[PDB]
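Protein chains in written order, with my numbering: chain S, 1 to 382; chain X, 1 to 382. Note that beta-carbon positions come from the ideal geometry of N, C-alpha and C, so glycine has one too.
2 protein chains.
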Amino acid sequence: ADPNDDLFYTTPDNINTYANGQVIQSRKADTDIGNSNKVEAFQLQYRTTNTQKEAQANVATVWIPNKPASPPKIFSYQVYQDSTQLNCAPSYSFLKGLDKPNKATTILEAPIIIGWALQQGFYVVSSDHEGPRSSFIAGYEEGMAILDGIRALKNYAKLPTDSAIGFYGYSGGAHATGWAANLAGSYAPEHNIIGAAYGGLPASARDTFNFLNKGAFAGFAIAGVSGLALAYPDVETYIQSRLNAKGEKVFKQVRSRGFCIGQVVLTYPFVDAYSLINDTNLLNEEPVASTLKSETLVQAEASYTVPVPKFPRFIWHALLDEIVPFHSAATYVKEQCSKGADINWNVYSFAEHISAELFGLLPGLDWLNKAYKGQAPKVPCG
Amino acid sequence: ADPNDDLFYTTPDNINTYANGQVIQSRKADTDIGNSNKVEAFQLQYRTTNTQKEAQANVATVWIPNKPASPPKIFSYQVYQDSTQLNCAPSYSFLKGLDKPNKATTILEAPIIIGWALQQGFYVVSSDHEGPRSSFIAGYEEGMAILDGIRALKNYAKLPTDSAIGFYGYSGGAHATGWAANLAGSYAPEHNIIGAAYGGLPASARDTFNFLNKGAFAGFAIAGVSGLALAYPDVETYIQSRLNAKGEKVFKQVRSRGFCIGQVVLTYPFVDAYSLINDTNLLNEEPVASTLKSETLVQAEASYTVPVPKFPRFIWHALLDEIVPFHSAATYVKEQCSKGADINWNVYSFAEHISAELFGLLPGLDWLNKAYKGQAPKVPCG
């Protein structure tokens, strides 16, 4: 079934009676990656918490290795869903078959990365990090969803509380991983996190919007505004109020069934987001402006004290990334390092956004493999 | 079964009794794109002709539309296989399941492109253009294999000899498409070609090798060397003779089972191919030097008179292409135009290699759709 027509994606009336990370129900998942590793896969419906601190149900996908490594180890993989529609969700995208509207996102690196993890006997989880509202780039939603998805896996597989946890994500998936890292200490302190490897980090929603708007990848700017609006009802109300006729069409379109990563990129090249409104001060009015100061990891922009995770991290970026700005990510790392972070920082001089994904894969994985053994290299931060 | 263990991929002893394009045998093919489109697909084993003008068997995949357009129309789609190992072949990669080692080459753009064709009621064919020796970048082999694949489809579906034919391919696929075009008038004169759309064309083997070597994508230079040597026994003898111990390991490796596009790219970044050889002057030693003059489309470098196809063409290239050099493709276009070609030339100043594939897709498909209707625009050549 399409997720829009599936009760497994709905929040039951009694959602408040389940704790964060708790499994409401589970079902067998017929996935490509599980079928190709000859492994049992499952969908978990689990309780989590949304941006306004309200209970909601969410879906994650989990793969159980046939020969679990001992002691138990967990691997959390974040997809670059990059879209604001529910049938683009990773869960649905992982299910057997070509014919998923956001298939592109679960079909290139995911099979290698998840296969890699499974071969070494790790438990794997990939959460629907955007949640039931498909709130692309809403960091508090993404962070909590992912940390609760890891909780749901531990619960389901009856794994020790201190089971070592590692993360991988690129671009959209790096925003997601970065926010799980950001919130881990305060929201899920029981997670024993031994490392997170992530690249092409969109550190600042505002900076990434300005870097993308009017460019070839302007679609993702549109999707990001769509996504924030879905996490923040006051922002939805404000944004809807400014949309002109063209803007109303675009925001329906970008939220429509099957409108996923390929549609996003190929429908909106060189679009100017401001042409969808009569409000060239869009980003500079309430509630948008203060929302953006919450939705950044850059302390010099933020309205809160940005957390500084101390566990090993491996972060990489293309110097000439044409999609997600290098400088915001470099600024984040420098800031984090000045406050005692452990960041193994890799600047790829020879790559742009898409090839940085390709060239950071093996370095990221090799490092995470070391981290799981307590062998992450002690290197100067940044 | 793996193509290496499948007799469908072997040449029978009586191959010489079959005509070029004659179907030797056919079988139902359970393909992703067949299933998503709810369409019948088959593998055809057919006779074609190799670089040494000897008969051999090859494989192509065909998709039969549910509601055929009248009069019959054929779409030939060329994959960027980009590897020198039989189990990287398009046919195998098109089959259901993700555990095909070169799966990445048939699950991004292929479903979009082939789907488009089938919805128009077009008969679709994708040949294993590298042939049974996996001779990546051998233009004569690729061209003849493609033109015979189209003959095989005509014969199998019993289509009029003058059914209009269109082509699409990018990068490695554009090399294959370009060489199909190059050889059409002399090799398959009966084909009624209404259009060819191809971008990121490697016009010269020599120039592309020089562009790739020692860089991030040096892997393609190594596979190119492997490929030419697989098409030309005298090149194979020469190269094997020059390989040091490192080189021998590399050429076994680049030809080994499962060593496909991902392994090529990630295994060899920044390799200098000369480190594998005792011959700083390789490109200028025979038989390599003369081979390279046969294996170019650029008349200024070629030792034969390069054909100038007259039918409508749509060619695009990234101005900033970091993989396949713009200048050689632009020179090809300028030369062809001065000799009467019809090339709709499209330069993307905002893109590199990969983003040119993405953003040229819809323009190329839109154009091909006009071409099938006799509506391709009259534009100044080049």
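If you draw a 10 Å sphere on the C-beta of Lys103 (chain X), you find 16 or more other C-beta atoms in it, and that means buried. No residue range can be given for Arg257 (chain X), since it is assigned to no alpha helix (DSSP H) and is classified by DSSP as neither H nor E. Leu159 (chain S) carries a coil assignment under DSSP once its states are collapsed to helix, strand and coil. Contact annotation: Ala231 (chain X) and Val264 (chain X) have beta-carbon atoms that are not nearer than 8 Å.
Nearest to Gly195 (chain X) by alpha-carbon distance, out of X:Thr31, X:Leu368 and X:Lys246, is X:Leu368. Within chain X, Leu358, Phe359, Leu361 and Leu362 have C-beta atoms less than 9 Å from the C-beta of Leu266 (chain S), given in sequence order.
In terms of Cβ geometry, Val62 (chain X) and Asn155 (chain X) do not form a close pair [threshold 8 Å]. Non-local beta-carbon contacts of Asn278 (chain X) in its own chain, meaning distances under 7 Å to residues more than five positions away in sequence, involve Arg242 and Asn244 in chain order. Closest in C-alpha terms to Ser328 (chain X), from the list X:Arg206, X:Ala19 and X:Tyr46, comes X:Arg206. Fewer than three pairs of CB atoms, one per stretch, sit closer than 8 Å, so the segment 294 to 313 of chain S makes no contact with the segment 253 to 263 of chain S. For the pair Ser76 (chain X) and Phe220 (chain X), the CB atoms are not nearer than the 8 Å cut-off. In this structure, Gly199 (chain X) lies away from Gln78 (chain X), with their beta-carbon atoms at least 8 Å apart. When secondary structure is reduced to three states using DSSP, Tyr9 (chain S) falls in the helix class. About 6 Å separates the Cβ atoms of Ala55 (chain X) and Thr49 (chain X), confirming a contact at the 8 Å cut-off.
Going by C-alpha positions, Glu40 (chain X) is about 30 Å away from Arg313 (chain X). Only residues of its own chain outside the window of five on either side were considered, and among them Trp316 have a CB closer than 6 Å to the CB of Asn346 (chain S), listed in chain order. Residue contact with chain S for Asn35 (chain X): present (Cβ-Cβ distance below 8 Å to some residue of chain S). Counted as a single uninterrupted DSSP element, the stretch harbouring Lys214 (chain X) is not any beta strand (DSSP E), since DSSP gives it neither H nor E. Residue environment: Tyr304 (chain X) is assigned as exposed (fewer than 16 neighbouring CB atoms within 10 Å of its CB, all protein chains considered).
For the options X:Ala157, X:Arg151, X:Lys293 and X:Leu201, the alpha carbon positioned closest to that of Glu190 (chain X) is the one of X:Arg151. Fewer than three beta-carbon pairs drawn from the segment 360 to 374 of chain S and the segment 114 to 134 of chain X are found closer than 8 Å, and the two stretches are therefore not classed as touching.
The beta carbon of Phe220 (chain X) does not come within 8 Å of any beta carbon belonging to chain S, so the residue lies off that interface. Taken through DSSP and simplified to helix, strand or coil, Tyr187 (chain X) comes out as helix. For a cut-off of 8 Å, the C-beta gap from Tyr268 (chain X) to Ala218 (chain X) is around 5 Å, short enough to register as a contact. Less than 8 Å divides the Cβ of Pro90 (chain S) from the Cβ of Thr106 (chain S). Taking all protein chains in view, the Cβ of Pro111 (chain X) is crowded by 16 or more other Cβ atoms within 10 Å, so the residue is classified as buried. In this model, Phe136 (chain X) and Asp128 (chain X) are separated by some 11 Å (Cα to Cα). Within the segment 78 to 111 of chain X, no beta strand (DSSP E) run of at least 3 residues lies entirely inside it. Just so you know, the alpha carbons of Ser134 (chain X) and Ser83 (chain X) end up roughly 7 Å apart. Within 9 Å of the CB of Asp32 (chain S), the CB atoms of chain X belong to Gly97, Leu98 and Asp99, in sequence order along the chain. Burial of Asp32 (chain X) is indicated by the presence of at least 16 other C-beta atoms within 10 angstroms of its C-beta.
Going by DSSP, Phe359 (chain X) is part of the alpha helix (DSSP H) stretching over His353 to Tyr372. In the three-state DSSP reduction, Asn281 (chain S) falls in the coil class, being neither helix nor strand. At least one beta carbon of chain X lies nearer than 8 Å to the beta carbon of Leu108 (chain S). With respect to the 8 Å criterion, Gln81 (chain X) and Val59 (chain X) are not classified as neighbours on the basis of their beta carbons. The three-state secondary structure of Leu44 (chain X), taken from DSSP, is strand.
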